[PDB]
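First up is the structure itself, then whatever we jot down about it.
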Amino acid sequence: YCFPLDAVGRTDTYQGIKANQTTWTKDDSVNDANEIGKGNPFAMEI
Amino acid sequence: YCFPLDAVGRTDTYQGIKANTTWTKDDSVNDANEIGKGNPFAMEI
């Protein structure tokens with residue numbers, strides 16, 4: 001495999017949330033635009 | 001070349017159509033098929 005230079009590739013943007021129990025709220029001690037991928041790193045095969 | 005794991009890479013979504021010349025939706029075909037036009041996406045090393 002070929003992998004992205006950052007070893008992840010495309011990500012969505014995530015904010016940190018904390019539980020208040022079953023209700024969640026934004027966590028203001030966490031950055032609100034974290035780049036995180038779901039699943040495996042993007043790859044190409046050769 | 002390096003190729004995507006599914007050997008295609010980016011695709012658009014296509015519905016099946018049939019000639020009725022006039023064309024209409026073909027209901028026995030899924031309306032959201034991923035098919036690429038052209039060659040598979042590739043990188044070169």
Side-chain angles (χ1 to χ4, degrees), chain A residues 1-9 11-19 24-46, chain B residues 1-9 11-19 21 23-45:
Chain A
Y1 304 109
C2 291
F3 301 101
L5 271 32
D6 64 292
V8 175
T11 54
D12 296 334
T13 294
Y14 298 84
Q15 48 178 334
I17 55 168
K18 59 181 192 315
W24 295 84
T25 192
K26 180 181 207 265
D27 187 335
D28 292 315
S29 80
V30 176
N31 177 45
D32 69 26
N34 311 99
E35 301 301 310
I36 310 171
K38 276 169 170 195
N40 296 319
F42 176 77
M44 309 256 298
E45 207 179 318
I46 172 176
Chain B
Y1 305 105
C2 280
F3 298 102
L5 271 36
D6 58 1
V8 176
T11 62
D12 292 302
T13 298
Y14 299 79
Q15 64 187 305
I17 61 165
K18 48 176 190 193
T21 256
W23 290 90
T24 62
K25 196 205 171 102
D26 191 344
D27 298 321
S28 47
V29 174
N30 180 49
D31 63 16
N33 305 115
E34 301 296 312
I35 312 165
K37 275 174 173 185
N39 300 141
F41 176 70
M43 314 258 305
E44 189 169 337
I45 175 171

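A note on names: the letters A, B, ... follow the listed sequences, proteins ahead of strands, and every chain is numbered from 1.
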**Study point:** CA sep, side-chain torsions, deciding dist, call: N33(B), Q15(B), side chain to side chain contact (heavy atoms under 4.5 Å, CB included)
**Key:** CA-CA 6 Å; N33(B) 305 115; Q15(B) 64 187 305; 5.9 Å; no
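- Shown here is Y14(A), whose OH atom has more than 12 heavy atoms of other residues, nucleotides or ligands within 6.0 Å.
- Interatomic distance, CE of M43(B) versus CD1 of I46(A), reported as 11.0 Å (0.5 Å rounding).
- Across every non-hydrogen atom of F3(A) and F42(A), the tightest pair is CD2-O, 3.7 Å.
- Shortest non-hydrogen contact noted between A7(A) and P41(A) is O-CB, 3.1 Å.
- One finds the CG atom of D6(A) at 8.0 Å from the OG1 atom of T11(A) (value rounded to the nearest 0.5 Å).
- Atom CG of residue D26(B) and atom NZ of residue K18(B) lie 5.0 Å apart, to the nearest 0.5 angstrom.
- With contacts defined as side-chain heavy-atom distances shorter than 4.5 Å, the pair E34(B)/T13(B) qualifies.
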